[PDB]
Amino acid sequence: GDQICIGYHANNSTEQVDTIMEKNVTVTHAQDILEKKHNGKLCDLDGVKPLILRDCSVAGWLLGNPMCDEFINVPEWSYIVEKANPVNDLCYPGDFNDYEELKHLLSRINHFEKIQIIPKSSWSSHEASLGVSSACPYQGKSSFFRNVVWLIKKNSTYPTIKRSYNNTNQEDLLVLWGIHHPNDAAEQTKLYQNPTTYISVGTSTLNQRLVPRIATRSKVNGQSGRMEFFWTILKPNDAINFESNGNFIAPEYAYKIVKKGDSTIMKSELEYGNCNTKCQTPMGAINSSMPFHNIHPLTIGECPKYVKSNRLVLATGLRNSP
């Protein structure tokens, strides 16, 4: 007799999927939805190069540690890359006040224009050229942070400093200054003459009076002294006023905030790859239309959604006959 049979597709597919009740089910067709591959390097993001700090910390860059001269004037960036433990940080040891809040602001900034707010040459009652240390070497000579000026007594006198800067720009200005905490009363006298000193700083919102602290400390990079750095955002048309009779690390250069947008500080040891991507991770860039990836949670750009999975495959076709 004549026959008609009902049946279904089978093939040479080895593609496996999982269900609640059964693992490793061979099927005829499947869709992998998990990206697992990356190019292992740092790329431009939609045409814009990242700022790669190499051996420099954000602090090293913004104060101008003399080992960080490659970053003296940086172009517009897409994102920032910092090593876990950069060796070029505070060459003269000390502290950076509210450093993590500063880095958080940096995450919304794509470009600074460095600007001279107080010329080093305008200090006529104080020595502006003796503020150097063997802690901050440049080409075998004692140096210092390039963006600030360590003021010293002139002719055994340190008159009271009264200096202003008015932000006549249409952008917010990041302004950096510091105080020197010496080793002893003798060092205080040697550097500044005046035994009891302060630094006052005012804006529309800031009302600061810093006092140096003498304490006996362990040598770090050969120094027992400490520098402590402070910052503020000076809004358009606001002024900053400084007053001091000693221990003042004065601004020379400040940073105008000329481009805001999406950015990040990415922790990565990786190399620049002279490549372009839409999606960067600290382990490498991703080029994929897959909706998920398992590379790293901390990504930037138009990325697949991160999951911890080793495997994600959707069944499209039928159970396959072995």
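Numbering starts at 1 and follows the sequence shown.
**Student:** Tell me which stretch, 28 to 36 or 41 to 49, has the higher mean Cα B-factor listed in the entry.
**Tutor:** Comparing averages over the C-alpha atoms only gives 28 to 36.
**Student:** Could you settle it for me: does 195 to 203 or 137 to 145 have the higher average Cα B factor in the PDB entry?
**Tutor:** Per the PDB entry, the higher value belongs to 137 to 145.
**Student:** Checking the record values for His180, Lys162, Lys120, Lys103, which has the greatest CA B factor?
**Tutor:** Each of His180, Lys162, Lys120, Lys103 was compared by C-alpha B-factor; the highest is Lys162.
**Student:** Have a look at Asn85, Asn167, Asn247, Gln208 and flag the one whose Cα has the highest B-factor in the entry.
**Tutor:** Highest C-alpha B-factor among the listed residues goes to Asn85.
**Student:** When the deposited Cα B-factors of this chain's modelled residues are ordered and cut into thirds, is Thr277 in the lowest, the middle or the highest one?
**Tutor:** It falls in the middle third of the chain.
**Student:** When the modelled residues of the chain are sorted by Cα temperature factor, does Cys91 land in the lowest, middle or highest third?
**Tutor:** Answer is middle: the recorded C-alpha B-factor places it there.
**Student:** Lowest, middle or highest third: where is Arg108 by C-alpha B factor in its chain?
**Tutor:** It falls in the middle third of the chain.
**Student:** Please place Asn65 in the lowest, middle or highest third of its chain by C-alpha B factor as given in the entry.
**Tutor:** It belongs to the lowest third of the chain when residues are ordered by C-alpha B-factor.
**Student:** Give the position of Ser57 by CA B-factor within its chain, expressed as the lowest, middle or highest third.
**Tutor:** Lowest third, going by the recorded CA B-factors of the chain.
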